Amino acid sequence: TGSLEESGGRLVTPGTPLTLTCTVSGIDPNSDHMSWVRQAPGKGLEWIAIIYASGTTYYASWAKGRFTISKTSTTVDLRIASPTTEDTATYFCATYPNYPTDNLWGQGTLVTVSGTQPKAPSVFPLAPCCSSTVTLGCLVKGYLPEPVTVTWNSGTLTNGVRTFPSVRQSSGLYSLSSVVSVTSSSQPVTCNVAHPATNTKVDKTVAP
Amino acid sequence: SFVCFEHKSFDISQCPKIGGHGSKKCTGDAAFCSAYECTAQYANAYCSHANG
Amino acid sequence: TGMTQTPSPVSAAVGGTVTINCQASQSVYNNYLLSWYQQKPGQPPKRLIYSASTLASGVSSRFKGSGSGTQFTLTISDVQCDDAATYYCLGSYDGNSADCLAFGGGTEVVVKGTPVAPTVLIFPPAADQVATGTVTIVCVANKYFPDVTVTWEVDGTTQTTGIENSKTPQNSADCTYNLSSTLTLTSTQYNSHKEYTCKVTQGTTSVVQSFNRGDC
């Protein structure tokens, strides 16, 4: 019955103040102690701050003075006063970890702090050089910020799909590939690449 | 001190103090809530001021 | 002030038992206010244990927590492919004197299932790539365990630059990896050489895919 949902993550330039919001559902206004936690790409979980039911707040020693935690009857907010590139991370909200009730976490909201301007990806087909079964794909290159979404045939094609984690280039842009294994009776497969940050959608059809 | 009623003597140190830590959800009367967090939803225990 | 976990990776054979250690420089508040978490890629962490040893609802009895004060252990028995993940302890301390809550640095579990040699595919760049100035060749290694190393060769010369690798997380049924290795060159660089080769080695044994530029 209870759940949490973070919002407000986006790409900003360093020093741009940013407020993130945790919307609480199915949980009473003053019956839990809510924390914000972050995780930079490839790094561990870092606790940032807590707001108790009483309204009492604490911050990690590194976080004090840079972050403000607050609450309403239905939300918990985190203000990041002066972000740096080191603040790039997924930000999660979570209930109090020592209570015997279910410890709820949201899916997280992704904050990106960078000088580099947002860029839509270029999408290129992957086909073997020109069989009963074949592997085809899409190379999604040169985007910022994460994420992109990749589906095949509008989500109807899910068997034998493999999408690789993104890699950050030296440039500061991201690239990934998705591949799918299909049979000869398959009509050419279409990868649907979407980049919410630029409100961009690319459909690329791929054939042997 | 306090008298504690447990839903299934009770160890009140399991109730977080205000801005404190603990393993049980506790709620209570006005005196209890002056010193302890009061979290009524799914509470494990209710604690009230002991007269006498 | 310092929470140290077992260094990564911990390698556990299927059906085996693994221990992950968490050590705190100070005792946790009330000695047992320590919780454990599992995190799989792309997901928030899931609580396994609280009060040092109490199993959270929904969680398999294969997970057990023990310890008190400064020393805690998570044990995973009958280790399955699905246990491939990063595991974290979370300590509680007086917020006036220290961090209110503190995570250990995390410990990755790699599950050793049945060995399997990779198959390799190579994908020549789409024709529309070359006009952009940058060319990107993709090599893929499918459904393999244990780890592989990738080497790229152009006309027999081993490439030392412009190579990026990305590995999927261990499959939760069979423990296998998939890898994508990408070779990025300029169009003139790409148009200088004929043969593009990707060589995937697993221990002693090697699997190769090649294509000749502008040939099919």
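Residues numbered from 1 in each chain as written, not as in the entry; some residues may be left out. Chains lettered and ligands numbered in written order. Heavy atoms only, no water.

As recorded in the entry header, the structure was determined using X-ray crystallography to a resolution of 1.98 Å.

A. Seen up close, a nonpolar patch on the surface. Residue and element names in this part refer to chain B. A surface patch of nonpolar side chains, about 280 Å² in accessible area, is lined by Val-3, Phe-5 and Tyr-46. Take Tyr-46: it is sitting in strand β3 (residues 45–49). Here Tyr-46 falls in the partly exposed class, since its relative accessible area comes to 38%. (Patch = residues over 30% accessible without salt bridge, like charges linked within 9 Å, V, L, I, M, F, W, Y side chains within 5 Å. Areas by Shrake-Rupley, 256 points an atom, 1.4 Å probe, with all protein chains shown as cover. Salt bridge = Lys/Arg side-chain N within 4 Å of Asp/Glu carboxyl O. Helix = DSSP H or I, 4+ residues; strand = E, 2+ residues; numbered from the N terminus. Buried < 20%, exposed > 50% of the residue type's maximum accessible area, 1.4 Å probe, protein only.)

B. Quick peek at the interface of chain C and chain A. The interface is formed by 43 residues belonging to chain C together with 44 residues belonging to chain A. Roughly 3600 Å² of surface becomes buried between chain C and chain A when both sides are summed, with 62% attributable to carbon and sulfur atoms. One can count 0 salt bridges joining chain C with chain A. For the side of chain C that touches chain A, the secondary-structure elements that each account for two or more residues are β4 (34–39), β5 (46–50), β9 (85–92), β10 (101–103), β12 (119–123), β13 (134–144), β16 (163–167) and β17 (177–186) of chain C. Per-element accounting of the side of chain C that touches chain A gives the leading share, 6 residues, to β13(C). (Contact = heavy atoms within 4.5 Å. Buried area = accessible area lost by both parts, 1.4 Å probe.)

C. How the structure looks around the interface of chain B and chain A. Listed per partner, the contact involves 16 residues of chain B and 18 residues of chain A. Summing both sides of the interface, chain B and chain A together bury roughly 1200 Å²; the carbon and sulfur share of this comes to 48%. The tally of links from chain B across to chain A stands at 0 salt bridges. Taken together, chain B and chain A are joined by 10 residue pairs in polar contact. Here the side of chain B that touches chain A is built from residues that sort into 5 nonpolar, 8 polar and 3 charged. (Polar contact = N/O pair within 3.5 Å; in protein donor to acceptor, adjacent residues only side chain to side chain. Nonpolar A, V, L, I, M, F, W, Y, C, P; charged D, E, K, R; others polar.)

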